[PDB]
Amino acid sequence: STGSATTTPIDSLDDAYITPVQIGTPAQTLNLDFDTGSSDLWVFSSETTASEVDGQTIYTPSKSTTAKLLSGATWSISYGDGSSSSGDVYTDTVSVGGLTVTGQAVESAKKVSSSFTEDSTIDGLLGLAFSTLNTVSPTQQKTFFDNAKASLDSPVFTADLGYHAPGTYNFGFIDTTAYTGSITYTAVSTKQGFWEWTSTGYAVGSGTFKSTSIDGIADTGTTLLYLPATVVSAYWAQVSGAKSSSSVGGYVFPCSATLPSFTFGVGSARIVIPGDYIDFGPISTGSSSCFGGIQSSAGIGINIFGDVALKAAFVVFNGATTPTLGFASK
């Protein structure tokens, strides 16, 4: 089997991407944030505290003939940005782009934090990291990909995120028309539950490539690119007037600037992030100070290749017995 679904930016800044997902019988379609940095599929639901729902589409298990309460099971998750959610668990049929899993754990939110309530476009998350991070207790549950894997033509999914435009998540096959050149594969460590890999270095604009190992995660659920302070300083030093602002919470730059590109290494290959991808616009409406798309990972504890990086590439998440990651230009 295979599946193919279009993923769409939630706003003009590509802050996140939503992908339609069919849950239950008859289908209830919710727009979920596919997140390679977590491993819970959770939804706004009929059980979500009413004051914490503001425009989202909800899953109502009582209207699905295939929903079953997973008795005794609860979940609770906290994300790197400080947001959180928790609730109980159903199993139900879940389909993404024509690919169907029966018996998928669908984590129903009883509580969500402010940032989720305030984002009316995101109806939940679909985690695509390794199932070892799944938070369901007392019986840990598998991700959608993990459940689908055996049935897939090939044990892979791919992320093809757009810059200010729709893109695609594919399951079970590699679309050879979706990228240019060759795909370069690189080793993955699953020790922390993430798609963790080591970049071979970076360049700023037309500058010379610096060979240096940068360990990080491929995370579709993180908006920006978070890298070591040394790397980030070298980038922003090439933008007149750029500075790190404690009050704003990172690097800002004059909105009148033209940003240089940023290149990262994948083995001997290179992925180029155009400068425009690194512009996240005014810090506040009408401001001439703009927020940068490359930020320091210092104090996160991990480097994160988020959407800024990943949308510059066609990315293969290979869930074979020995997992790997592949990157191609497009």
# chains A, B, ... in the order shown; residues from 1 in each chain; ligands from 1
$ select_by_dssp --residues "region 2-190 of chain A" --states "helix (DSSP H, G or I)" --output "number ranges by chain"
A: 50-52, 61-63, 114-118, 131-133, 144-151
$ select_by_dssp --residues "region 265-305 of chain A" --states "strand (DSSP E or B)" --output "list in words"
residues 265, 266, 269, 270, 271, 272, 273, 279, 280, 281, 282, 289, 290, 291, 292, 294, 295, 296, 303, 304 and 305 of chain A
$ closest_atom_pairs --of "region 253-307 of chain A" --to "region 240-246 of chain A" --cutoff "10 Å" --atoms "only C-alpha atoms" --output "tab-separated table"
residue	atom	partner	partner_atom	distance
A:253	CA	A:242	CA	4.1
A:254	CA	A:241	CA	6.2
A:255	CA	A:241	CA	9.9
A:256	CA	A:240	CA	9.7
A:257	CA	A:240	CA	7.3
A:258	CA	A:240	CA	9.2
A:259	CA	A:240	CA	9.5
A:289	CA	A:242	CA	9.2
A:290	CA	A:242	CA	9.3
A:291	CA	A:242	CA	9.7
A:292	CA	A:242	CA	8.9
A:295	CA	A:244	CA	9.1
A:296	CA	A:244	CA	9.6
$ write_last_selection --atoms "N, CA and C atoms" --output "PDB file, in the first residue's frame"
ATOM      1  N   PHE A 253      16.607  41.363  12.461  1.00  0.00           N
ATOM      2  CA  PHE A 253      17.353  42.053  11.423  1.00  0.00           C
ATOM      3  C   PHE A 253      16.474  43.122  10.793  1.00  0.00           C
ATOM      4  N   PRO A 254      17.100  44.125  10.170  1.00  0.00           N
ATOM      5  CA  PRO A 254      16.290  45.159   9.540  1.00  0.00           C
ATOM      6  C   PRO A 254      15.453  44.603   8.402  1.00  0.00           C
ATOM      7  N   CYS A 255      14.180  44.967   8.361  1.00  0.00           N
ATOM      8  CA  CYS A 255      13.304  44.442   7.329  1.00  0.00           C
ATOM      9  C   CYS A 255      13.759  44.877   5.927  1.00  0.00           C
ATOM     10  N   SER A 256      14.618  45.894   5.842  1.00  0.00           N
ATOM     11  CA  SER A 256      15.150  46.336   4.555  1.00  0.00           C
ATOM     12  C   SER A 256      16.300  45.478   4.034  1.00  0.00           C
ATOM     13  N   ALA A 257      16.717  44.474   4.803  1.00  0.00           N
ATOM     14  CA  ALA A 257      17.865  43.660   4.411  1.00  0.00           C
ATOM     15  C   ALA A 257      17.530  42.649   3.338  1.00  0.00           C
ATOM     16  N   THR A 258      18.562  42.263   2.597  1.00  0.00           N
ATOM     17  CA  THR A 258      18.499  41.098   1.737  1.00  0.00           C
ATOM     18  C   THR A 258      19.306  40.006   2.424  1.00  0.00           C
ATOM     19  N   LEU A 259      18.650  38.910   2.785  1.00  0.00           N
ATOM     20  CA  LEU A 259      19.311  37.853   3.540  1.00  0.00           C
ATOM     21  C   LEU A 259      20.127  36.932   2.641  1.00  0.00           C
ATOM     22  N   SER A 289      11.595  45.886  12.324  1.00  0.00           N
ATOM     23  CA  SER A 289      12.483  44.843  12.819  1.00  0.00           C
ATOM     24  C   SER A 289      11.838  43.497  12.481  1.00  0.00           C
ATOM     25  N   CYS A 290      12.614  42.630  11.829  1.00  0.00           N
ATOM     26  CA  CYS A 290      12.123  41.355  11.321  1.00  0.00           C
ATOM     27  C   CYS A 290      12.779  40.202  12.074  1.00  0.00           C
ATOM     28  N   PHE A 291      12.051  39.103  12.208  1.00  0.00           N
ATOM     29  CA  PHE A 291      12.530  37.971  12.986  1.00  0.00           C
ATOM     30  C   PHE A 291      13.230  36.960  12.101  1.00  0.00           C
ATOM     31  N   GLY A 292      14.396  36.489  12.549  1.00  0.00           N
ATOM     32  CA  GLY A 292      15.201  35.570  11.766  1.00  0.00           C
ATOM     33  C   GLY A 292      14.781  34.110  11.848  1.00  0.00           C
ATOM     34  N   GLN A 295      18.115  30.429  14.334  1.00  0.00           N
ATOM     35  CA  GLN A 295      18.240  30.848  15.720  1.00  0.00           C
ATOM     36  C   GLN A 295      19.177  29.900  16.461  1.00  0.00           C
ATOM     37  N   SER A 296      19.712  30.356  17.585  1.00  0.00           N
ATOM     38  CA  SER A 296      20.570  29.524  18.401  1.00  0.00           C
ATOM     39  C   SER A 296      19.814  28.405  19.109  1.00  0.00           C
TER      40      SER A 296
END
$ closest_residue --among "A:53, A:309, A:106, A:122" --to "residue 19 (chain A)" --atoms "only C-alpha atoms"
A:122
$ closest_residue --among "A:248, A:150, A:18, A:316" --to "residue 166 (chain A)" --atoms "only C-alpha atoms"
A:18
$ residues_around --residues "region 182-185 of chain A" --least-positions-apart "5" --cutoff "10 Å" --atoms "only C-alpha atoms" --output "ChimeraX atom specification"
/A:176,266-270,313-318,324-330
$ residues_around --residues "residue 16 (chain A)" --least-positions-apart "2" --cutoff "9 Å" --atoms "only C-alpha atoms" --output "list in words"
residues 8, 9, 10, 11, 13, 14, 18, 33, 122, 220, 221, 222, 223 and 307 of chain A
$ write_last_selection --atoms "C-alpha atoms" --output "tab-separated table (two decimals), in the first residue's frame"
chain	number	residue	atom	x	y	z
A	8	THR	CA	-0.57	23.25	3.42
A	9	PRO	CA	0.99	26.16	5.33
A	10	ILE	CA	-1.30	27.49	8.07
A	11	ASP	CA	-0.36	31.11	7.43
A	13	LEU	CA	4.89	32.74	7.31
A	14	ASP	CA	4.81	28.92	6.99
A	18	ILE	CA	-1.58	20.96	8.11
A	33	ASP	CA	0.24	18.93	12.09
A	122	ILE	CA	-4.54	23.01	13.79
A	220	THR	CA	8.72	18.91	10.66
A	221	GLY	CA	6.90	20.19	13.74
A	222	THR	CA	9.44	22.93	14.46
A	223	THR	CA	9.18	26.08	12.36
A	307	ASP	CA	10.81	23.53	8.48
$ residues_around --residues "residue 217 (chain A)" --least-positions-apart "2" --cutoff "7 Å" --atoms "only C-alpha atoms" --output "list in words"
residues 194, 195, 196, 197, 219, 303, 304 and 305 of chain A
$ closest_residue --among "A:39, A:46, A:25, A:200" --to "residue 134 (chain A)" --atoms "only C-alpha atoms"
A:39
$ residues_around --residues "residue 298 (chain A)" --least-positions-apart "5" --cutoff "9 Å" --atoms "only C-alpha atoms" --output "list in words"
residues 226, 227, 228, 229 and 303 of chain A
$ write_last_selection --atoms "C-alpha atoms" --output "short mmCIF file (atom, residue, chain, number, x, y, z; two decimals), in the first residue's frame"
data_model
loop_
_atom_site.label_atom_id
_atom_site.label_comp_id
_atom_site.auth_asym_id
_atom_site.auth_seq_id
_atom_site.Cartn_x
_atom_site.Cartn_y
_atom_site.Cartn_z
CA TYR A 226 18.12 25.96 15.47
CA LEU A 227 21.89 25.55 15.32
CA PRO A 228 24.93 26.08 17.58
CA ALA A 229 25.56 29.66 18.65
CA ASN A 303 20.05 21.23 17.24
#
$ residues_around --residues "region 111-117 of chain A" --least-positions-apart "2" --cutoff "7 Å" --atoms "only C-alpha atoms" --output "PyMOL selection string"
chain A and resi 48-49+52-54+83-87+109+119-120
$ write_last_selection --atoms "C-alpha atoms" --output "compact mmCIF listing (two decimals), in the first residue's frame"
# COMPACT_ATOMS: atom_id res chain seq x y z
CA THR A 48 -11.81 18.87 25.12
CA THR A 49 -12.57 21.49 27.78
CA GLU A 52 -10.00 25.63 25.29
CA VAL A 53 -11.59 25.09 21.87
CA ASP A 54 -11.65 28.14 19.56
CA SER A 83 3.02 23.90 24.88
CA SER A 84 1.18 20.83 26.17
CA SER A 85 -1.92 18.65 25.97
CA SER A 86 -3.37 15.58 27.66
CA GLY A 87 -6.37 13.30 27.76
CA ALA A 109 -7.49 15.84 24.29
CA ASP A 119 -4.31 28.21 16.65
CA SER A 120 -7.71 27.59 15.08
